[PDB]
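First structure 1, then structure 2: two forms of the same chain, each alone, as structure tokens.
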Structure 1
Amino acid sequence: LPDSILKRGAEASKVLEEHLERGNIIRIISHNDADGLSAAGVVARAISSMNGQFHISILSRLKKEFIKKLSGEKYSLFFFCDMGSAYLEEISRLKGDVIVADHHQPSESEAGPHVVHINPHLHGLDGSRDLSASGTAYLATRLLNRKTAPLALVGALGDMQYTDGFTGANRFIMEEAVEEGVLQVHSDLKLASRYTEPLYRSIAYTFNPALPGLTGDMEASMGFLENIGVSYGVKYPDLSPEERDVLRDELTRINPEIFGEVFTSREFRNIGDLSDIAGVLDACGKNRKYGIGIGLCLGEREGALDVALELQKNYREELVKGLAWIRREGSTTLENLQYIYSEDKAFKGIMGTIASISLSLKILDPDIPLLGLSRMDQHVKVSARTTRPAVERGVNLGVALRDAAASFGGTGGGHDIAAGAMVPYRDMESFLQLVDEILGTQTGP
């Protein structure tokens, strides 16, 4: 990684260690996903390795009315993880010392003399491929503690930074943890929750990489194992190399991407590999159980874990319901577009996820872009998703959704492979035709 980001991380490692000398308690503010949670856990474990104290708040968004609330708190150091860049002037106003470890699209109005931004964008690194908020926090706290490098990668996983290998600083952090002896890389089958589920559920719940026929299908995987010589109820670590060699051979036919890198730290032995941990933190976040999530990053392991594993389990049962619905009621196709639609509240928060899983499983044609639609009374939340072939071929959902949404006083955007929009329900039909007419110009002439 470029020297500047290790310099700037060291600049922020100074500000911390000197407040911990004085006995100051540190304020941590972070985001509520796996990257946010794992980021907070990083700073918290650096802080506990030096007998410091801290006060964590976990929020979904950062609002101005919270940074104003923050300024009468009388804390000497504010450590923002996975949020800040957007609201830099308002955090510059804040008294005392400040650290923003974020990886979002920063403010060119780049404020703060008391403030220490770390953000991989400002060191010509990629903010959605090469380093995560949890990763950036480890750069901020490398000099104090190096045992936290696993959590750094957990955030990177949850936040989808893995194409054929961790790029950039994540690779660097991955390298570094291996040398430290806290992380182990291995090539193995990438099955969901191996230590903790029987083989057939583990194959059923492997949503990424998708397993056509098997993913989200207990009876089929159960079937699949039975008729290939393998005990559907035994745990994956309890197989023998020749039956391991059989499942590997067959699962590789169904999708070769299932064999590849798997990361394990001795702190998470019994729970999961770093992907499974990410999953668990995401489930805690999505149930507003932030103390359970943080608990886990700090080693807490009794009933908290069992609660956390059950949140994962429940969420996975949603996604099967989920892909089972998709499936019963297919997508209605049109010109350069698919779309599916629900008024069921059960699917409002899951729609994008099942949308893109359903393309990986080939249920719905991966070449045609897919618009998940969820009715929120007078508005319709839109989750757009397509394949890598569909982009390298014109399709850009990032712009198209912004164009068409703003047309009807609504609001959309993103990338590229994946966009979101909020649109009036009265307009939905004309909106769906306008995206279709916009994609047609994006691929045709």
Structure 2
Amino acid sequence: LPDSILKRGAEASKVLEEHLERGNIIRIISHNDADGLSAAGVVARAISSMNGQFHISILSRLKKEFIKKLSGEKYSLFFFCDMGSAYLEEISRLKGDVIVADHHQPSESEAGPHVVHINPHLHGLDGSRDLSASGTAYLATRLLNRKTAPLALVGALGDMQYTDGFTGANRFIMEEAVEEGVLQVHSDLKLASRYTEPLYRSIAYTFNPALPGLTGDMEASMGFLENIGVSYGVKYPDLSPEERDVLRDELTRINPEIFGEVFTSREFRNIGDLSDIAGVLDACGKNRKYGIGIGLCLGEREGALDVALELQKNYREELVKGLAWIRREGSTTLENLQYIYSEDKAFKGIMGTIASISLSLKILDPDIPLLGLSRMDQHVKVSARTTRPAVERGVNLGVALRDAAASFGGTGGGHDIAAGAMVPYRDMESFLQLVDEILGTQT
């Protein structure tokens, strides 16, 4: 990588150690998706391993008001994951030391001198591809605990940073984790929950890498498996070798991606591969069941796990319906983006995910950035997704949504390839065109 970062990391480990040695409790603030929860987990696990204590809050968006509420509180160290780069001035106004582990672009003023800021953008690395919050937290805790590297990669997968191989600092973290013996790599089919789910359901629930015709369609996948003569009520490992080969052959025909690298760790045995864990965390996060998510990251797997797996199941079911909806009513295309709108509470939480999946499946034109829109009474939650070719063409959704949302007194941001915003429902049209214009621009 560029050895610079590792250094910045170490600065942050030093600070962390200082405060732990003094007995003071560490305040952790993070985001509510796979990356945010796995980042919070990395840090809390590092603290735990030093017989230290931590206080975690999970937020869906960091707000100026919330930062002020903290500036009260008698905590000596604040650790921010997956947010904060946009509020560096405001955060600097905290009494007490601060670490910010984040991977969004600038944001933007200077960052005070009692604050440690780790961000791939600052070290010549791409925050959209080469590192996520969870990995940034690992670099911050790497000299204290290396057992956490699998979780670091959970967040990276969660944030869609696997682009045929891990790249940049994610590659570094993978390599290390192998070297430390806590991560194994296998070539295999990338099917959903292969250890806990019968083949027909596993195929239907393989949303990424997507399998057009089969993904999201229990009937068609059951059918498909009969047509090719492969048992559809057994779990993948309980198949015969011959059946495995025929299956590998026929699914690859539908999408070559389906076969490739698969990541496992003794830590997550009986649950899933690393991508599966990312899914379980997304389901916990979408259900504001943050405790279950973090418990899972720290190693709780008894009642918590049952609950977590049940939440996934529901999550998956909701995704199937959402995909069916998009197939039924289409999207309206403009000139530089397309969009999809729904007042159904069923889809509020999952709009971004079904957006992404629908582009992969090519239900919708993957060349055109897709804005999913869900009403929250007076406001509308926006979830924008596109693809890596579109980012190459110059698309930056994080920028477009931030600028546009501000214009109407809203709040928005993200990365080039995925972003979100919140705006008055009343301003939806105006909003949408403005993004349109902003779009065609950078393009």
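Each form is matched to the other, and the largest set of C-alpha atoms that superpose within 1.5 Å is called the rigid core. Numbers given to residues start at 1 and step along the sequence of structure 1.
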Once the rigid core is lined up, just say which one of 89, 257, 343, 175 has a C-alpha that travels 2 Å or more between the two structures. 343
Quick check: residue 229 between the two structures - does its CA shift reach 2 Å or more after fitting the rigid core? yes
Taking 2 Å as the cut-off, check whether the CA of residue 51 shifts that much or more between the two structures after a rigid core fit. no
Examine residue 14 after superposing the rigid core and state whether its CA is displaced by 2 Å or more between the two structures. no
So, with the core fitted, how far does residue 370 move at its Cα between the two structures, in angstrom? 5.8
Once both forms share the same rigid core frame, by what distance in Å has the CA of residue 435 shifted between the two structures? 8.7
Residue 184: Cα shift between the two structures after core superposition, Å, came to 0.4
